[PDB]
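Everything below concerns the one structure shown next.
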Amino acid sequence: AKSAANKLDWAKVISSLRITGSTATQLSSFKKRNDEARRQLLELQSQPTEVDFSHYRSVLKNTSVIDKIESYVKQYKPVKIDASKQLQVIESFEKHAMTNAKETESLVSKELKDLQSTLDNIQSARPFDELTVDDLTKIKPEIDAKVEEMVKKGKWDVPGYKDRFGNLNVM
Amino acid sequence: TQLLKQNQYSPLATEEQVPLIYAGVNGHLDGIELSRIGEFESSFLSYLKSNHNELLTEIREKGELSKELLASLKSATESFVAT
Amino acid sequence: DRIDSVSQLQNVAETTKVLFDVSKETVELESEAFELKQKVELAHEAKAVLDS
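As given, the protein sequences belong to chains A, B and C, one line each in that order.
For the first sequence, my numbering assigns the number 1 to the initial residue and increments by one for each residue that follows.
For the second sequence, my numbering assigns the number 172 to the initial residue and increments by one for each residue that follows.
For the third sequence, my numbering assigns the number 255 to the initial residue and increments by one for each residue that follows.
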């Protein structure tokens, strides 16, 4: 249980490599270690909450208060119940947890195959020697669109060519 | 030498002596700077008393480190070293 | 590169649900011995007065 509680905490630290700067998840893990560490110490130092009427009371020959004190322990023996009040807001944190995780999982599951098909798309659809620029007009109207207003607005000169291909000047 | 430091009124036990000094052979120079090697040893003790009580037990009743026990101790030491 | 980025969290989000679940109880389940703390401290003063 105790080792099981933080066993899944060693899972989030592996999950924490991709998510850097976690404000409170580590703090919540820190909080769930802070209180839990307070738990084991509390129970180990917890003596049986009673006064030994056999020994610890008979050592006093002038008792006069222990029976009152022993009764005082017994009248408050039901000290106070637990507080399991969280049964509507705790799951409301979880209901957001189901909503966003499945939103993420549905997207990543779709995208991993969608992007994988893109890799299979590109490996066997590479017209690096036989593609048509008019086909590039067809694939993107922006390629078509970006040329007209280029002339009308007056940007006749076009840079960004000599970087890739030399101007091929004759001698 | 910074690791061997201890405080009075705080006796320790063999089952947690072994991990601290064993970490002194496989990863000690990568300790998180000198002034913070003390909580390094305390956190190592915590990481071995939690989620790793089997190692502490096995080394405390049998009193020695078997081959598989050496492998497990090395694995735990390097796991917290990566931590 | 985006293959790797998507594959970083392919298994994370559904495994964070039980992570998000259990973390909630492990944080907010410290009330039973908090009441025991009330009786443990009640025991110490009971021992203290009789020792006194």
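We treat Cβ as the ideally placed atom computed from N, Cα and C, and that holds for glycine.
Please state if the CB of residue j and the CB of residue i are separated by a distance shorter than 8 angstroms.
i: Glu187(B); j: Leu219(B); result: yes
i: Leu8(A); j: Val303(C); result: no
i: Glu286(C); j: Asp82(A); result: yes
i: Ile203(B); j: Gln173(B); result: no
i: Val108(A); j: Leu263(C); result: yes
i: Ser15(A); j: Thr270(C); result: yes
i: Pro182(B); j: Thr248(B); result: no
i: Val294(C); j: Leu60(A); result: no
i: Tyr56(A); j: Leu296(C); result: no
i: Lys80(A); j: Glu289(C); result: yes
i: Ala5(A); j: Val276(C); result: yes
i: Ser3(A); j: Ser221(B); result: yes
i: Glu105(A); j: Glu268(C); result: yes
i: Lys278(C); j: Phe53(A); result: no
Which word fits residue i, buried or exposed, when buried means at least 16 other C-beta atoms lie within 10 angstroms of its C-beta?
i: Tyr180(B); result: exposed
i: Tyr193(B); result: buried
i: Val158(A); result: exposed
i: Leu87(A); result: exposed
i: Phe215(B); result: buried
i: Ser64(A); result: exposed
i: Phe211(B); result: buried
i: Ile257(C); result: exposed
i: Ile66(A); result: buried
i: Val260(C); result: buried
i: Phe274(C); result: buried
i: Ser29(A); result: buried
i: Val147(A); result: exposed
Mapping DSSP to helix, strand and coil, what is residue i?
i: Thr270(C); result: helix
i: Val108(A); result: helix
i: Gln86(A); result: coil
i: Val51(A); result: coil
i: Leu216(B); result: helix
i: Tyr56(A); result: coil
i: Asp255(C); result: coil
i: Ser250(B); result: helix
i: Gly209(B); result: helix
Residues of chain C with a CB under 8 angstroms from the CB of residue i: which are they?
i: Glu36(A); result: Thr280, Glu284
i: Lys80(A); result: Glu289, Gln292
i: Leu115(A); result: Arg256, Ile257, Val260
i: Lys12(A); result: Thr270, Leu273
Rounded to the nearest angstrom, what separates residue i and residue j at their Cα positions?
i: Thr23(A); j: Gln116(A); result: 33 angstroms
i: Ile19(A); j: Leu244(B); result: 30 angstroms
i: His223(B); j: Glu235(B); result: 17 angstroms
i: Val73(A); j: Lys85(A); result: 27 angstroms
i: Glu282(C); j: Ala125(A); result: 56 angstroms
i: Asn62(A); j: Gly195(B); result: 59 angstroms
i: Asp144(A); j: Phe251(B); result: 59 angstroms
i: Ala37(A); j: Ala11(A); result: 20 angstroms
i: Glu91(A); j: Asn100(A); result: 14 angstroms
i: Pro127(A); j: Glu149(A); result: 28 angstroms
i: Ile139(A); j: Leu168(A); result: 30 angstroms
Give me the chain C residues within the contact set of residue i, using Cβ-Cβ distance strictly less than 7 angstroms, ordered along the chain.
i: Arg18(A); result: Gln262, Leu263
Would you mind telling me which residues of chain A sit closer than 8 angstroms to residue i, beta carbon to beta carbon, in chain order?
i: residue 151(B); result: For residue 151(B) there is no data in the structure shown, the boundaries of chain B being 172 and 254.
In chain B, which residues lie less than 8 angstroms from residue i when you measure between Cβ atoms?
i: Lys2(A); result: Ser221
Should residue i be counted as a contact of the ligand SAH given a C-beta to heavy atom distance under 7 angstroms?
i: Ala24(A); result: The ligand content of the structure shown is nil, which means the ligand SAH is not present either.
Please list, in chain order, the chain A residues whose beta carbon lies closer than 7 angstroms to that of residue i.
i: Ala300(C); result: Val51, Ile69, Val73
i: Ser306(C); result: Those within 7 angstroms of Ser306(C) in chain A number zero; the least Cβ separation is about 10 angstroms.
Just to make sure I have the definition right: I need the residues of chain B whose C-beta is within less than 9 angstroms of the C-beta of residue i. Which are they?
i: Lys7(A); result: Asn222
Just the chain C side, please: which residues come within less than 9 angstroms of residue i by C-beta, in chain order?
i: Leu41(A); result: Within chain C, no residue comes near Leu41(A); the closest Cβ sits about 10 angstroms away, beyond 9 angstroms.
i: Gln88(A); result: Under the 9 angstroms cutoff, chain C gives no residues; its nearest Cβ is about 13 angstroms from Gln88(A).
i: residue 199(A); result: Any question about residue 199(A) goes unanswered here, given that chain A covers just 1 to 171.
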